[PDB]
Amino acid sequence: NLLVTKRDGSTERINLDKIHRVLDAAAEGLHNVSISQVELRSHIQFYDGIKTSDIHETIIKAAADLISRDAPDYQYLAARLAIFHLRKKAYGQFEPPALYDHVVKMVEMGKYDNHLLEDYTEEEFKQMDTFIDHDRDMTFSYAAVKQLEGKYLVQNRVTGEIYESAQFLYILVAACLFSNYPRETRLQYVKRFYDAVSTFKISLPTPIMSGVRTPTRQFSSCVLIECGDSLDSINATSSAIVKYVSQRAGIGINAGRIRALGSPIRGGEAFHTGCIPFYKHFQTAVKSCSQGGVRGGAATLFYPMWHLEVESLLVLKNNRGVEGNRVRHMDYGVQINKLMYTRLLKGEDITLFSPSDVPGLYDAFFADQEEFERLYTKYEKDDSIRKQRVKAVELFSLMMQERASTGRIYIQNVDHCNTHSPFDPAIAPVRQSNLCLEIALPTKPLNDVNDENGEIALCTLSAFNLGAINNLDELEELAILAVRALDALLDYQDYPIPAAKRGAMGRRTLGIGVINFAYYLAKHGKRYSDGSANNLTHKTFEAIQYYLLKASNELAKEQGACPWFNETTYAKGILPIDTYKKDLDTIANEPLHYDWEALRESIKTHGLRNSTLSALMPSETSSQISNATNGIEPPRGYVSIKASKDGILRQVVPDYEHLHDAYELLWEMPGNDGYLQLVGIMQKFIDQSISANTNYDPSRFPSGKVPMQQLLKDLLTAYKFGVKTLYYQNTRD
């Protein structure tokens, strides 16, 4: 005699057969799943007059809780049930409308960009509708669908109303990005690109997934802003942060130029009150807005190791201090070079300077290591220059201690970023990184928010799904599609800050990485830790960079090289294979299989459409769409528990049934050596950097505490193999 409340507000007798019908449809083709089990977990929570939507959410939750090693197919059962509900939420029915009718209505509501109706005819929308396979929504895993409804699908962030479905997302991303292409080839690209992303061969980032089709055009994930030593630059930097955080971007801030506490201002008219009060101002700029209504804003701030306030800056995330000297809600990257490590190894002292007191030292730190060492030792001997001496061991230990405590103190090897780089340090040095330490681009400080002479670096991302290819030669066509889409995006999107448009239009920097690398190694029967994957990694990432360059080179023939191509090492006929750190020759003997010399000349002759092409991002969120292992990281477990706005999610490794023994889980590794070696080998070909993690299990160490010696050893090992940056440090609980 129990009643349920329908969508129209009316009530009718409960019908358990209707629910069974829906469960049957979602369980089609699945193995080792039980409808009864979901029913048992669901029926008990029903009550008189329960809303029909609350019933649907109950059975989704019930199926999601049953995701396990014994029955992994619950990941599709839970996903499909969620898909069913999302259809009702968006369309009021299961079957999606015609694409054209959908677009017209959505443009009328102001949810889609007007250009869609201007750039495509009704005939073309009907033709694009034939490209769409809505049954591909039944190929998602549960974690994927939660990211879709939570972040990616176009929706009202106040109401919660869903406006679209996954395949409309995919086709309109493709339609918008190729909207400026000639009608002779346009739809052919739209279809090819739609297939590539909807069948998970190419992975798209969050701001593209949630942005490309909306009236707000900003799809770059990474924004790099260099701050100058003036109030005008600090104000400009702060404004650019607020504007770009609110428009879907994560921020990298370089504030190393700012003079130290106690420095004179205007000849001594003022006493400099320090960097920390300005860091706080950058922090509130980041936390002032949400990231385009999708997630919270975040930033990583960079400063040199030899900065005079470095001992104060290193403990900014430490919870044991007053608010006066704590800036906890930002991450930090300490910038290091060969000389600093040398002082550590020789057990010597490091001299701290304010960049305002040492002419030329800051610039040489990134561009010229010989000049740096000349100026550094010269200023160390100058009594007239304000300075402070610290033991290198104590300084490094403090850094690694804070890195261990928080996990969010990062390292950037600035010499590696410039000796092995797509840029000439004498023309455009790399002086910072981004939020997740995989981006390395040239920048220039601003004197105003609208300063035409400043440069903010933008990087637009994507990733190759290494688990979705049978041969490395598939990367060629995939690279062409990826490069063309991201490069066309640069002309398509808008730029709230003029200095950012400068860097984007001048360099056209792309950052394309990989996902499902752990799955990839598992299929080849290799491991992270023992070194069995060294040569396979070398072979694999050679193919990736080669086809990326080849695609960008061909696109230069068609549309012209980027305006500032002559500032690259590529322009001088220098390739990544020429400048890598030679210690890599001791850990890999895989030969080059592709014709780089023919490629070298073609680049030297026609140039590149893009100054950078590769960067290995963590893909923490975006990789969940294809149920991939994120980036290059090994999974935590066969069934991982990840975070979400709704609650906890269970995510299964791809093909657990056949590869349960093939995977090497994160905490099954003896140490970081094997991992750091793979990262170094990757870096040989990667244009920018890699979001490299370090991992430590306290229980594997005596007295349950990781010795400082081990931390410093892995740090030096990373530098030895040319690793440019270090991201998270994970400490097991």
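For every residue, the number given is its place in the sequence shown, counted from 1.
- Comparing 321-329 with 606-614, the stretch with the higher mean C-alpha B-factor in the PDB entry is 321-329.
- Looking at mean Cα B-factors across 176-184 and 291-299, the upper value is held by 176-184.
- Per the deposited record, the Cα B-factor of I44 falls in the highest third when ranked against the other modelled residues of its chain.
- For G680, the recorded CA temperature factor ranks within the lowest third of the chain's modelled residues.
- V33 sits in the highest third of its chain by CA B factor, as recorded in the PDB entry.
- When the CA B factors of the chain's modelled residues are split into thirds, the value for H272 lands in the lowest one.
- For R259, the recorded CA temperature factor ranks within the lowest third of the chain's modelled residues.
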